[PDB]
Amino acid sequence: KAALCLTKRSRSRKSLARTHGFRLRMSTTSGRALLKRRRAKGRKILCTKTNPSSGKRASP
Amino acid sequence: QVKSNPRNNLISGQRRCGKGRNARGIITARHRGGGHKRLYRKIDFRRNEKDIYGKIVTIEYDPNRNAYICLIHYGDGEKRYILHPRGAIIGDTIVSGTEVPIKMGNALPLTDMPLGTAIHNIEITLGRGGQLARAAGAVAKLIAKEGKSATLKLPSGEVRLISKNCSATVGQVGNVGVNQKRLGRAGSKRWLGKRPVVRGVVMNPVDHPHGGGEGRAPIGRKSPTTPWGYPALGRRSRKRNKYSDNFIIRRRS
Amino acid sequence: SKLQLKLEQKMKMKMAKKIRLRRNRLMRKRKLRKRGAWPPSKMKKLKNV
Amino acid sequence: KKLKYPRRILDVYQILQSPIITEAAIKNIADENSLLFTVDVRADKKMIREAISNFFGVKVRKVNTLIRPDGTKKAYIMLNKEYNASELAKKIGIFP
RNA sequence: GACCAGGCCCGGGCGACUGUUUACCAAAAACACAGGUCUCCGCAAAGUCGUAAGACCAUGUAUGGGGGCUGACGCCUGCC
RNA sequence: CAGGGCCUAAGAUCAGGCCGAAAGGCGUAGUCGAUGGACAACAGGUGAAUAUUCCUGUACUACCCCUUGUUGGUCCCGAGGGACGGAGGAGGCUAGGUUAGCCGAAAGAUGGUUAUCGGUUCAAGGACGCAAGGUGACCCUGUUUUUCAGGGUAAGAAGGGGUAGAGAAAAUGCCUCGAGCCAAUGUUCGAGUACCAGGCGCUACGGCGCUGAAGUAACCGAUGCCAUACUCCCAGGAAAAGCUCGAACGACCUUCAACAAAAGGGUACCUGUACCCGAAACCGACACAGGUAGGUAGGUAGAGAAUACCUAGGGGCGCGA
RNA sequence: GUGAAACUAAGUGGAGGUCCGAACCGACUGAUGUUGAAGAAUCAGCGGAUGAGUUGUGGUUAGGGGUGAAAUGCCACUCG
Ligand SMILES: [Mg+2]
Ligand SMILES: [Mg+2]
Ligand SMILES: [Mg+2]
Ligand SMILES: [Mg+2]
Ligand SMILES: [Mg+2]
Ligand SMILES: [Mg+2]
Ligand SMILES: [Mg+2]
Ligand SMILES: [Mg+2]
Ligand SMILES: [Mg+2]
Ligand SMILES: [Mg+2]
Ligand SMILES: [Mg+2]
Ligand SMILES: [Mg+2]
Ligand SMILES: [Mg+2]
Ligand SMILES: [Mg+2]
Ligand SMILES: [Mg+2]
Ligand SMILES: [Mg+2]
Ligand SMILES: [Mg+2]
Ligand SMILES: [Mg+2]
Ligand SMILES: [Mg+2]
Ligand SMILES: [Mg+2]
Ligand SMILES: [Mg+2]
Ligand SMILES: [Mg+2]
Ligand SMILES: [Mg+2]
Ligand SMILES: [Mg+2]
Ligand SMILES: [Mg+2]
Ligand SMILES: [Mg+2]
Ligand SMILES: [Mg+2]
Ligand SMILES: [Mg+2]
Ligand SMILES: [Mg+2]
Ligand SMILES: [Mg+2]
Ligand SMILES: [Mg+2]
Ligand SMILES: [Mg+2]
Ligand SMILES: [Mg+2]
Ligand SMILES: [Mg+2]
Ligand SMILES: [Mg+2]
Ligand SMILES: [Mg+2]
Ligand SMILES: [Mg+2]
Ligand SMILES: [Mg+2]
Ligand SMILES: [Mg+2]
Ligand SMILES: [Mg+2]
Ligand SMILES: [Mg+2]
Ligand SMILES: [Mg+2]
Ligand SMILES: [Mg+2]
Ligand SMILES: [Mg+2]
Ligand SMILES: [Mg+2]
Ligand SMILES: [Mg+2]
Ligand SMILES: [Mg+2]
Ligand SMILES: [Mg+2]
Ligand SMILES: [Mg+2]
Ligand SMILES: [Mg+2]
Ligand SMILES: [Mg+2]
Ligand SMILES: [Mg+2]
Ligand SMILES: [Mg+2]
Ligand SMILES: [Mg+2]
Ligand SMILES: [Mg+2]
Ligand SMILES: [Mg+2]
Ligand SMILES: [Mg+2]
Ligand SMILES: [Mg+2]
Ligand SMILES: [Mg+2]
Ligand SMILES: [Mg+2]
Ligand SMILES: [Mg+2]
Ligand SMILES: [Mg+2]
Ligand SMILES: [Mg+2]
Ligand SMILES: [Mg+2]
Ligand SMILES: [Mg+2]
Ligand SMILES: [Mg+2]
Ligand SMILES: [Mg+2]
Ligand SMILES: [Mg+2]
Ligand SMILES: [Mg+2]
Ligand SMILES: [Mg+2]
Ligand SMILES: [Mg+2]
Ligand SMILES: [Mg+2]
Ligand SMILES: [Mg+2]
Ligand SMILES: [Mg+2]
Ligand SMILES: [Mg+2]
Ligand SMILES: [Mg+2]
Ligand SMILES: [Mg+2]
Ligand SMILES: [Mg+2]
Ligand SMILES: [Mg+2]
């Protein structure tokens with residue numbers, strides 16, 4: 001019943017950082033290649049979807 | 001007949017879950033999925049604990065096989081499920097061992113069974129557990145024995161040699177009328193978690209070797225074909241030289 | 001001698017039924033907390049809703 | 001059994017950073033006998049209780065922490081009803 | 001007495017039926033289906049995925065598991 | 001209160017292990033992983049912006065502290081329990097609602113009239129308790145079998161005890177003792193100098209200080225509670241920990257050490273907490289006629305959570321003439 | 001009803017991919033919209049609504065692939 005463009009819905013931050021998170025990119029070799037080449041471009045933010053385990057941004 | 005008990009320690013919840021998905025997570029075995037959650041009953045197929053006297057307390061339904069199953073007690077308080085033999089009634093008594101009466105539900109090595117007997121739940125390998133003829137209404141006759149080897153006629157009609165020291169159980173497997181049911185509606189398939197199958201002829205060429213000819217397709221394939229490109233009809237797949245071959249005598253007809 | 005057994009088993013019974021019932025209210029309160037009509041004050045401002 | 005490890009390793013003299021003086025806090029003193037102290041985020045309640053209990057030499061009923069949206073821990077320290085708050089308010093320099 | 005609240009009948013084709021489907025031009029006579037039938041498979045099964053190890057099939061065992069065509073029920077299914 | 005300091009599902013990672021040009025792939029114990037299991041708090045007040053969090057009342061968990069009572073406790077292991085479907089209807093009840101009764105005010109410029117308008121509220125928790133409810137075998141006689149009445153049978157229910165086998169607990173077999181049991185709800189404390197219609201006075205005319213009457217009954221009645229209670233069906237309906245029980249095996253600790261109890265006093269880990277959330281704050285590039293899980297469910301008419309007109313509460317659509 | 005059984009009202013019972021119909025899921029016709037209020041809507045009607053149902057949270061399968069009640073459909077407004 002929802003429009004095509006609605007692909008990005010309200011999804012728990014917990015779920016997202018379990019996907020694009022830091023600790024995930026660290027696991028695979030391809031991820032470490034990721035972080036090298038982000039660091040090369042010198043991005044202010046390495047992993048965009050990340051998330052505090054507990055704190056002000058914490059998902060329960 | 002079917003009256004639910006509380007849970008004996010033989011009924012657990014641990015099991016494979018993705019049905020038809022392998023490690024890679026792919027559907028290997030097509031059409032499964034959906035259907036009622038089940039619990040695994042731990043059957044005793046080996047019947048290995050010898051020389052104690054068991055009593056059939058009840059008869060229970062099992063979702064994992066079309067046969068019935070019987071809860072039996074012992075004088076030792078151990079409880080086991082066995083496949084329900086045909087005609088066995090509650091209050092009955094069974095026993096396994098070597099020198100034993102021959103009646104329904106007793107299990108013994110093939111050295112001691114009088115030729116002509118109707119047998120089920122047949123080990124092919126010493127102490128591996130019973131393997132052959134476990135389904136509803138399945139039975140195999142012990143036709144002849146010679147040397148170290150016994151000869152059976154399996155429910156497929158195939159005649160085959162096995163070891164004379166492999167245990168088996170007297171009597172046919174119960175619930176004979178099961179294939180007399182008529183499911184009657186689609187939903188009643190789905191309840192068993194058997195999902196709908198598409199005919200080859202329907203799908204597009206990419207998807208299957210009988211691919212869409214314009215209106216309706218005769219199968220132009222010079223031969224009926226597996227999804228994967230093999231002849232569908234009458235091509236024997238039995239591994240040419242399997243170790244088994246020396247044992248097998250006449251082939252199912 | 002039968003009066004001893006009866007008074008001991010009524011002591012036990014009173015105990016078990018006490019703990020049982022305590023347990024039961026607790027469980028109810030929990031269910032309600034999950035659903036979210038809990039503090040009976042809360043329900044009593046929405047009664048007419 | 002063993003030495004009692006404090007929840008983290010901090011150095012107690014840095015945990016109580018400062019009294020927070022605004023119109024708000026002062027009447028928490030008046031009504032509640034409760035001081036208001038900005039403290040180190042890394043600091044706990046047991047640490048704060050020992051710290052004030054020894055430092056100003058007052059027995060403290062209960063502590064309540066808070067964490068600002070700015071990431072700075074803030075603590076309501078409600079002393080006992082024997083020790084008056086305004087005592088420590090004059091002793092410190094917080095004037096009601 | 002407002003709001004709310006079935007037009008119905010006589011025919012024929014197709015598909016038995018409830019279902020599914022071309023997100024955003026096609027909802028059907030297409031797909032599924034219960035049922036039928038052919039064929040493979042004796043358990044270290046056939047089949048599928050993997051370079052392999054192994055996984056599914058199945059913690060099942062021929063009244064079960066693959067695959068092909070047809071498509072309820074009724075009458076049938078001829079020659080080469 | 002919600003997560004973490006507890007437990008596991010799908011799944012994920014995976015010591016050693018098997019395989020593989022490399023990166024890696026499979027996989028066992030282990031360890032992660034809630035959308036589930038376990039586990040203790042409510043009413044009133046304050047309130048520029050927080051409140052089951054702060055205040056005042058009664059509570060409740062987990063430890064520690066002392067008295068008393070025992071001598072072995074602790075983990076590892078053995079067990080019971082936790083522990084589970086759908087559909088159906090019948091009960092027994094509350095929540096709400098309506099009408100009386102009691103109480104206070106009332107004149108609302110009209111032909112009449114008090115037939116009018118307000119109030120009648122209270123939680124968690126603790127003690128008690130259970131029938132017209134539901135369950136407790138059979139046989140004879142009747143009430144329609146049923147709710148029942150007389151007799152009888154000897155475990156015949158929740159619930160306990162004993163014994164036997166390699167056998168502690170358990171499971172299993174034999175023996176015995178028990179006619180009650182079950183749980184929503186109810187009575188009483190909590191609870192009144194609480195709350196509240198009005199009344200009095202101030203008005204920075206915003207709000208404020210002051211004193212407070214009655215506080216019961218009947219009939220409707222749930223989709224909520226007992227309740228995993230029943231009856232039926234086939235498609236046959238999670239695990240693990242806390243919890244209860246317990247000998248041998250192994251490890252460790254041991255006397256004012258540890259455990260067992262009823263009181264008494266004490267003691268109290270992190271993180272979330274603003275605001276919006278049928279949205280102008282999320283998702284749609286917009287202050288966009290759209291999408292967004294759950295909870296609470298008043299009146300009159302009505303079969304109804306449809307519809308119409310309304311209460312509480314919220315709004316009059318950010319261009320007008 | 002006969003000795004067995006069959007046959008037939010009755011009551012009880014509450015089956016169903018039953019019926020009508022809100023929520024909810026869809027998307028059949030028409031009108032409007034077409035530099036839209038909106039990159040698929042609004043309005044009036046319409047289909048299913050105890051099931052082969054709907055949905056939440058957390059997961060799975062990945063491009064010589066996956067998934068498909070099969071439309072070359074879908075795989076972040078992109079899919080021979
Ligand atoms: Mg961004
Ligand atoms: Mg179970
Ligand atoms: Mg159990
Ligand atoms: Mg994987
Ligand atoms: Mg088909
Ligand atoms: Mg096609
Ligand atoms: Mg494709
Ligand atoms: Mg494929
Ligand atoms: Mg081809
Ligand atoms: Mg073709
Ligand atoms: Mg043609
Ligand atoms: Mg309403
Ligand atoms: Mg404050
Ligand atoms: Mg806090
Ligand atoms: Mg027609
Ligand atoms: Mg014509
Ligand atoms: Mg059709
Ligand atoms: Mg679909
Ligand atoms: Mg279309
Ligand atoms: Mg259609
Ligand atoms: Mg269309
Ligand atoms: Mg189609
Ligand atoms: Mg078929
Ligand atoms: Mg194979
Ligand atoms: Mg066809
Ligand atoms: Mg697992
Ligand atoms: Mg791995
Ligand atoms: Mg390794
Ligand atoms: Mg593992
Ligand atoms: Mg965890
Ligand atoms: Mg949870
Ligand atoms: Mg907790
Ligand atoms: Mg809690
Ligand atoms: Mg507020
Ligand atoms: Mg409050
Ligand atoms: Mg009070
Ligand atoms: Mg306690
Ligand atoms: Mg255990
Ligand atoms: Mg459960
Ligand atoms: Mg009822
Ligand atoms: Mg009432
Ligand atoms: Mg009236
Ligand atoms: Mg009167
Ligand atoms: Mg007048
Ligand atoms: Mg009145
Ligand atoms: Mg009470
Ligand atoms: Mg008490
Ligand atoms: Mg009674
Ligand atoms: Mg014993
Ligand atoms: Mg003994
Ligand atoms: Mg016993
Ligand atoms: Mg009534
Ligand atoms: Mg309902
Ligand atoms: Mg049941
Ligand atoms: Mg020992
Ligand atoms: Mg003890
Ligand atoms: Mg808050
Ligand atoms: Mg709030
Ligand atoms: Mg909106
Ligand atoms: Mg606007
Ligand atoms: Mg809008
Ligand atoms: Mg209404
Ligand atoms: Mg009407
Ligand atoms: Mg009415
Ligand atoms: Mg309405
Ligand atoms: Mg209004
Ligand atoms: Mg229907
Ligand atoms: Mg219909
Ligand atoms: Mg669709
Ligand atoms: Mg519409
Ligand atoms: Mg409709
Ligand atoms: Mg309908
Ligand atoms: Mg049904
Ligand atoms: Mg969806
Ligand atoms: Mg589909
Ligand atoms: Mg085409
Ligand atoms: Mg993209
Ligand atoms: Mg797309
Ligand atoms: Mg396309």
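Neighbour counts are summed over all protein chains in view; Cβ atoms, including those assigned to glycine, are modelled from backbone coordinates with ideal geometry. Values in this text are rule-based calculations from the coordinates and carry no lab data.
Kindly indicate whether B:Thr125 is more than 19 Å from the chain's Cα centre (by Cα) and either within 16 Å of ligand 9 (Cβ to nearest atom) or more than 14 Å from chain C (Cβ to nearest Cβ) (or both). No; evaluated as a whole, the condition is false for this residue. Within the stretch B:173-226, the set of residues being among the acidic types (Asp, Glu) and within 6 Å of RNA strand E (Cβ to nearest atom) is empty.
The test for being within 30 Å of A:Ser54 (Cβ to Cβ), more than 16 Å from ligand 13 (Cβ to nearest atom), among the acidic types (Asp, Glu) and under 11 Å from the mean Cα position of the chain (by Cα) holds for D:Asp44.
Has the stretch D:29-41 got at least one residue that is of a type in the set (S, T, N, Q), touching a helix residue (DSSP H, G or I) at 6+ places or on another chain (Cβ under 7 Å), away from ligand 10 (no atom under 16 Å from the Cβ) and more than 21 Å from D:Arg68 (Cα to Cα)? Before the answer, list the steps.
Within the stretch D:29-41, the first condition is being of a type in the set (S, T, N, Q), and the residues that meet it are D:33-34, D:38.
When the remaining residues are screened for being touching a helix residue (DSSP H, G or I) at 6+ places or on another chain (Cβ under 7 Å), the result is D:33-34.
Right, trim to away from ligand 10 (no atom under 16 Å from the Cβ) and you get D:33-34.
Next, only the ones that are more than 21 Å from D:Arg68 (Cα to Cα) stay: D:33.
Within the stretch D:29-41 (the criterion being of a type in the set (S, T, N, Q), touching a helix residue (DSSP H, G or I) at 6+ places or on another chain (Cβ under 7 Å), away from ligand 10 (no atom under 16 Å from the Cβ) and more than 21 Å from D:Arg68 (Cα to Cα)), the answer is yes, since at least one residue qualifies.
Is at least one residue of the stretch D:42-58 within 14 Å of chain A (Cβ to nearest Cβ), surrounded by 12 or more Cβ atoms within 10 Å (Cβ to Cβ) and closer than 22 Å to A:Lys56 by Cβ?
Within the stretch D:42-58 (the criterion being within 14 Å of chain A (Cβ to nearest Cβ), surrounded by 12 or more Cβ atoms within 10 Å (Cβ to Cβ) and closer than 22 Å to A:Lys56 by Cβ), the answer is yes, since at least one residue qualifies.
Counting the residues of the stretch D:66-84 that are surrounded by fewer than 16 Cβ atoms within 10 Å (Cβ to Cβ), within 14 Å of another protein chain (Cβ to nearest Cβ) and of a type outside the set (S, T, N, Q) gives 6.
If you go through the stretch D:72-96, how many residues are assigned to a loop (DSSP other than H, G, I, E, B) and either among the acidic types (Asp, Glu) or touching a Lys or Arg at 6+ places or on another chain (Cβ under 7 Å) (or both)?
Summing the residues that are assigned to a loop (DSSP other than H, G, I, E, B) and either among the acidic types (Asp, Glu) or touching a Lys or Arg at 6+ places or on another chain (Cβ under 7 Å) (or both) in the stretch D:72-96 gives 4.
Could you tell me which residue of the stretch B:222-250 is nearest to ligand 9 (Cβ to nearest atom), considering only residues that are touching a residue at least 40 places away in the same chain (Cβ under 8 Å) and assigned to a strand (DSSP E or B)? In this case the residue turns out to be B:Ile248.
Inclusion of D:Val63 among residues that are in a strand (DSSP E or B) and either away from every other protein chain (no Cβ under 14 Å) or acidic (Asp, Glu) (or both) is warranted. A count restricted to the stretch B:158-217 and to residues that are more than 18 Å from the chain's Cα centre (by Cα), of a type in the set (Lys, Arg) and under 30 Å from B:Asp44 (Cβ atoms) stands at 2.
Which residues, taken from the stretch B:28-61, are free of Cβ contacts under 8 Å to residues at least 40 places away in the same chain and surrounded by 14 or more Cβ atoms within 10 Å (Cβ to Cβ)?
B:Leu39, B:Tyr40, B:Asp44, B:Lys55, B:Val57 - these are the residues of the stretch B:28-61 that are free of Cβ contacts under 8 Å to residues at least 40 places away in the same chain and surrounded by 14 or more Cβ atoms within 10 Å (Cβ to Cβ).
Scanning the stretch D:9-28 for residues that are exposed (fewer than 10 other Cβ atoms within 10 Å of the Cβ) and part of a loop (DSSP other than H, G, I, E, B) yields a count of 3. Looking at the stretch C:1-23, can you tell me whether even one residue there is assigned to a loop (DSSP other than H, G, I, E, B) and exposed (fewer than 10 other Cβ atoms within 10 Å of the Cβ)? Yes, that holds for at least one residue.
Of all residues in the stretch B:9-27, those being in contact (Cβ under 8 Å) with a residue 24 or more places away in the chain and of a type outside the set (A, V, I, L, M) number 6. For D:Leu88, the criteria (1) under 27 Å from A:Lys56 (Cβ atoms); (2) of a type in the set (A, V, I, L, M); (3) surrounded by 17 or more Cβ atoms within 10 Å (Cβ to Cβ) hold in every case but one, which is (1). Inspect all residues belonging to the stretch B:35-54 and state whether any of them is closer than 23 Å to B:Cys166 by Cα, hydroxyl-bearing (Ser, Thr, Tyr) and more than 16 Å from ligand 9 (Cβ to nearest atom). Yes, some residue in the stretch B:35-54 is closer than 23 Å to B:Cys166 by Cα, hydroxyl-bearing (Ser, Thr, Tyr) and more than 16 Å from ligand 9 (Cβ to nearest atom). So which of B:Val178, B:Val202 ends up being of a type outside the set (S, T, N, Q), away from ligand 6 (no atom under 15 Å from the Cβ) and away from chain A (no Cβ under 14 Å)? Just one listed residue meets the conditions, B:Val178.
So which strands (runs of 3 or more DSSP E) are wholly in the stretch B:1-114 and hold at least 1 residues that are polar (S, T, N, Q)?
Details: elements: B:53-60, B:69-73, B:80-83, B:93-95, B:107-109.
Those strands (runs of 3 or more DSSP E) span B:53-60, B:93-95.
Residues in the stretch B:187-201 that are more than 8 Å from RNA strand F (Cβ to nearest atom) and of a type in the set (A, V, I, L, M, F, W, C): B:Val197, B:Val198, B:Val201.
Please note which helices (runs of 4 or more DSSP H) are completely contained in chain A and include at least 1 residues that are over 14 Å from the mean Cα position of the chain (by Cα).
Where helices (runs of 4 or more DSSP H) fall fully within chain A and carry at least 1 residues being over 14 Å from the mean Cα position of the chain (by Cα), they are A:29-41.
For (1) closer than 30 Å to D:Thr72 by Cβ; (2) surrounded by fewer than 10 Cβ atoms within 10 Å (Cβ to Cβ); (3) touching a residue at least 12 places away in the same chain (Cβ under 8 Å); (4) within 14 Å of another protein chain (Cβ to nearest Cβ), each residue gets a yes or a no:
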site: A:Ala3; (1), (2), (3), (4): no, yes, no, no
site: A:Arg25; (1), (2), (3), (4): no, no, yes, no
site: A:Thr50; (1), (2), (3), (4): yes, no, yes, no
site: A:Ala58; (1), (2), (3), (4): yes, no, no, yes
